[PDB]
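Chains as they are written, first to last, in the authors' numbering: chain V, 1 to 94; chain M, 1 to 136; chain f, 1 to 37; chain H, 2 to 131.
Cβ coordinates follow ideal geometry from the N, Cα and C atoms, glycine included.
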Amino acid sequence: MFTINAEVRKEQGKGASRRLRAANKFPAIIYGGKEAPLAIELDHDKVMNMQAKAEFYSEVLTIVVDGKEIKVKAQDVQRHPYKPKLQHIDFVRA
Amino acid sequence: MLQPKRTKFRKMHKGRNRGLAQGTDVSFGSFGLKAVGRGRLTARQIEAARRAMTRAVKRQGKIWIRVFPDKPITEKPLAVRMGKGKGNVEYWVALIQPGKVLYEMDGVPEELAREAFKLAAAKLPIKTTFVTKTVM
Amino acid sequence: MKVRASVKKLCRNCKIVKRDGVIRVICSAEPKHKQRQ
Amino acid sequence: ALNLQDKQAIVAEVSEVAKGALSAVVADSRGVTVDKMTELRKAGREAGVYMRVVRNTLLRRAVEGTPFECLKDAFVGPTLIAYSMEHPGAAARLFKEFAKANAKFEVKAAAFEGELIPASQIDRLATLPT
RNA sequence: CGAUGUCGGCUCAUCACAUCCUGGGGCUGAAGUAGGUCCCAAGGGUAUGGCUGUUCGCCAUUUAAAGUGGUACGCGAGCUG
RNA sequence: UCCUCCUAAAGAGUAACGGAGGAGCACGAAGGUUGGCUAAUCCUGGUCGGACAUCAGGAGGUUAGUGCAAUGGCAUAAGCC
RNA sequence: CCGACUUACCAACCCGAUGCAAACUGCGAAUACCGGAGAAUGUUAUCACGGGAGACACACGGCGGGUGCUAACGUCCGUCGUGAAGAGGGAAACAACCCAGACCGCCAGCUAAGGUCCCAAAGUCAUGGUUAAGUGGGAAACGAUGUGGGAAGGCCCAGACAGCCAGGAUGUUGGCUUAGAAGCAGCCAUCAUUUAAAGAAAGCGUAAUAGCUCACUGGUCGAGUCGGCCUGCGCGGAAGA
Ligand SMILES: [Mg+2]
Ligand SMILES: [Mg+2]
Ligand SMILES: [Mg+2]
Ligand SMILES: [Mg+2]
Ligand SMILES: [Mg+2]
Ligand SMILES: [Mg+2]
Ligand SMILES: [Mg+2]
Ligand SMILES: [Mg+2]
Ligand SMILES: [Mg+2]
Ligand SMILES: [Mg+2]
Ligand SMILES: [Mg+2]
Ligand SMILES: [Mg+2]
Ligand SMILES: [Mg+2]
Ligand SMILES: [Mg+2]
Ligand SMILES: [Mg+2]
Ligand SMILES: [Mg+2]
Ligand SMILES: [Mg+2]
Ligand SMILES: [Mg+2]
Ligand SMILES: [Mg+2]
Ligand SMILES: [Mg+2]
Ligand SMILES: [Mg+2]
Ligand SMILES: [Mg+2]
Ligand SMILES: [Mg+2]
Ligand SMILES: [Mg+2]
Ligand SMILES: [Mg+2]
Ligand SMILES: [Mg+2]
Ligand SMILES: [Mg+2]
Ligand SMILES: [Mg+2]
Ligand SMILES: [Mg+2]
Ligand SMILES: [Mg+2]
Ligand SMILES: [Mg+2]
Ligand SMILES: [Mg+2]
Ligand SMILES: [Mg+2]
Ligand SMILES: [Mg+2]
Ligand SMILES: [Mg+2]
Ligand SMILES: [Mg+2]
Ligand SMILES: [Mg+2]
Ligand SMILES: [Mg+2]
Ligand SMILES: [Mg+2]
Ligand SMILES: [Mg+2]
Ligand SMILES: [Mg+2]
Ligand SMILES: [Mg+2]
Ligand SMILES: [Zn+2]
């Protein structure tokens, strides 16, 4: 099972996202079901070395936020135009 | 030499080349060549690159050209003054922005596709890179 | 000794070296492959 | 290839000691394929392919299969060495063929020190069940 | 533009190297002489005549070689028209 | 000389020997009012009749039409009797 | 007549996916513009009339564009700033670039741009790394075991990686073009022993093999090793009077 550790976005916006991307991180959103959407921060290298597997977009993901387990699945992703990097990932709670 | 068969108007303005691209991900074949720089591609550079990659792969497999020259670049004659109207259309140019994929290829080994696209990059003016298709 | 800008390896017996800040290419079995930047 | 294959060939060598017997040394520092068709054609003269010269005397390879079978052969480990197990005919003539073959144009043969049946040493022996 | 005088030619030169020769070297499909290509190197030298007002260019005959260009397409308070 | 779009940077306006087109008319009905109606195209079937005249249906929904060049509008129709 | 077919070709409508448009919008900002109310501030800074002019040759820089070569200290439009009509400090010199708007005098002090080794006034200031090219102190496509890093990956103390040694295997004059293609020329076919392995050879070498080799394959050997990636800074390319 692909396990990831995440943070919580205290500040949003273009500036916050660019700071996260320059600090070897990137924002992501988790939504679905009936609960409130959650804005998380993820490490860049630890997810770039994981998404290269085809199982990453088919299997389940176990995300750890505030010391609890959340079962999500990859739903959408935005990639850098001309670089092998990531900018945002949308997960569905499932 | 790619060229539209008809157009509403013969001469267009210059405009700009600001912003990123839309066709970033490979959607037709398996491997692709993606621009990193920003410039212009004529109807001759693309033809030369296509011929080079065709010779590299020995006409095997299938290739796709996702760009097309639709901007009628014009040039005035030599030794003429300024004004007196607009020049005559000479060649066609496709605007290229970073992230745009120029060529795609399928049914070819990756180790041969890399050199087939390197040959095309060596003739194209802008800098490019080799990419592969990915699952969403 | 062909002097150009792009220097690389042509055969398997070529060794790229740097002497006095200048890049040189020498092959142990083909004098034609001797290149200089 | 990794652990699975090294260990595989080794354990395969161990199974050949479970039903093996007399053995001998051989070290062709300058061998020829021509001699391949002498001792191994001799293998064909005995029965078949089963006989393994398995020249792989790395102290952590062939000697690695030693602690489970015939630990006295551990001292045979050093230098180039190829163990020669048997199966048909207990104490067969495969042993003497190394000594005779070495004198039969083969440069060298690990000084024909032999292996283990009486737990002994370099000894030319015609004293085999014939 | 209440004037910076203009093409060519004669005399007079000077600087540069992407060098014509001389100098040194690498490769050669360089057996040798004679060659082809490339690198360094400006110290020196780098033609006389017929045609044309001509630079350029054609031809004759030499030369180790008969260089490329800049100097207000060098130089008329130096000459020529 | 006058009219339509872009350049004209989401109020108006805004130039070039800029890029694309038009006008120097017409109508006593092509005006007003009242009353009524909605096509272009395609498919199927039918005599001359053919890809396309006329006639029946069906799909389609302004992709037609505006007296004229273009733009903005027109179903309560500004379109058609 | 009617046609039965496939076929080195092209392709309408529709459907699925990918793009482009100043004269294309089923979408649609930020700015800007009109009007109203409200607190604060601005020497009424607003408007109307009358007297008097001057001017209608602008340039540069930023942003938004057309024509040019997405050339010009080039030309044509919108906005702002400066010069014109603005002195002073800075960019070595410099009308338009940055800071900043000179009532006058003072041998008083505080700052901005910009700087603190000398010319020339101020840190040879402290901690932390980078550079070895005078990069700094002119430039590209492209090329390179230049180094300073980050994240991974392969192989690896049953021995990796180099070296250091043995062998790299029966035909096969190959199915062949046969001049000869012998393991290395175009078809091919690519078995099969022996194996510890080895393509019925990857190359030089050839008439072609041999040969010399390459994967290999054993033996030796005693800790890493190999290649991609993401980058900081640096080198070549780099020729003028
Ligand atoms: Mg911002
Ligand atoms: Mg624009
Ligand atoms: Mg030297
Ligand atoms: Mg004058
Ligand atoms: Mg005067
Ligand atoms: Mg005069
Ligand atoms: Mg030189
Ligand atoms: Mg000198
Ligand atoms: Mg001297
Ligand atoms: Mg005469
Ligand atoms: Mg002159
Ligand atoms: Mg004169
Ligand atoms: Mg004078
Ligand atoms: Mg005269
Ligand atoms: Mg407007
Ligand atoms: Mg406006
Ligand atoms: Mg009417
Ligand atoms: Mg009515
Ligand atoms: Mg009909
Ligand atoms: Mg109309
Ligand atoms: Mg009416
Ligand atoms: Mg538009
Ligand atoms: Mg207001
Ligand atoms: Mg005027
Ligand atoms: Mg004026
Ligand atoms: Mg003006
Ligand atoms: Mg101007
Ligand atoms: Mg501009
Ligand atoms: Mg300009
Ligand atoms: Mg200036
Ligand atoms: Mg002017
Ligand atoms: Mg004035
Ligand atoms: Mg000033
Ligand atoms: Mg002012
Ligand atoms: Mg000043
Ligand atoms: Mg300056
Ligand atoms: Mg000064
Ligand atoms: Mg002070
Ligand atoms: Mg300061
Ligand atoms: Mg001082
Ligand atoms: Mg110090
Ligand atoms: Mg450089
Ligand atoms: Zn070589």
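- Bridge partners of residue 32 of chain M according to DSSP: M/104, M/131.
- The contact set of residue 54 of chain V on chain M, defined by CB atoms closer than 7 Å, consists of 135 in chain order.
- Judged by DSSP in its simplified three-state form, residue 39 of chain H adopts helix.
- A straight line joining the alpha-carbon of residue 122 of chain H with that of residue 6 of chain H spans about 32 Å.
- With fewer than 16 other beta carbons inside 10 angstroms of its own, residue 11 of chain M counts as exposed.
- M/108 is the residue among M/94, M/4, M/108 whose C-alpha sits nearest the C-alpha of residue 58 of chain M.
- With a threshold of 9 Å between beta carbons, residue 35 of chain M makes contact with chain V.
- Taking the Cβ atoms as the reference, residue 32 of chain V lies roughly 4 Å from residue 92 of chain V, within the contact range of under 8 Å.
- Look at residue 7 of chain H: its beta carbon is at least 8 Å from all of the heavy atoms in ligand 3.
- Between residue 21 of chain V and residue 28 of chain M, the alpha-carbon positions lie close to 30 Å from each other.
- For the region 38–58 of chain M, the set of residues with a beta-carbon nearer than 8 Å to any beta-carbon of chain V is empty.
- DSSP, read as helix, strand or coil, puts residue 57 of chain H in coil.
- Note on geometry: alpha-carbon atoms of residue 85 of chain V and residue 44 of chain V lie some 8 Å from one another.
- When the Cα atoms are used, residue 54 of chain V and residue 135 of chain M turn out to be separated by approximately 7 Å.
- Taking 9 Å as the cut-off, the Cβ atoms of residue 26 of chain H and residue 99 of chain H count as close.
- Going by C-alpha positions, residue 55 of chain H is about 10 Å away from residue 86 of chain H.
- Secondary structure of residue 91 of chain M (DSSP, three-state): strand.
- Contact of residue 76 of chain V with chain M is assigned, a C-beta pair being separated by under 9 Å.
- Contact between the region 45–52 of chain H and the region 72–84 of chain H is absent: fewer than 3 CB-CB pairs across the two stretches fall below 8 Å.
- Using a CB distance below 9 Å, the part of the region 1–31 of chain M facing chain V consists of 20, 21, 24, 25, ordered along the chain.
- Secondary-structure assignment with DSSP links residue 74 of chain V through a beta bridge to V/91.
- Annotation: Cβ neighbours of residue 57 of chain V in chain M (cutoff 7 Å, chain order): 135, 136.
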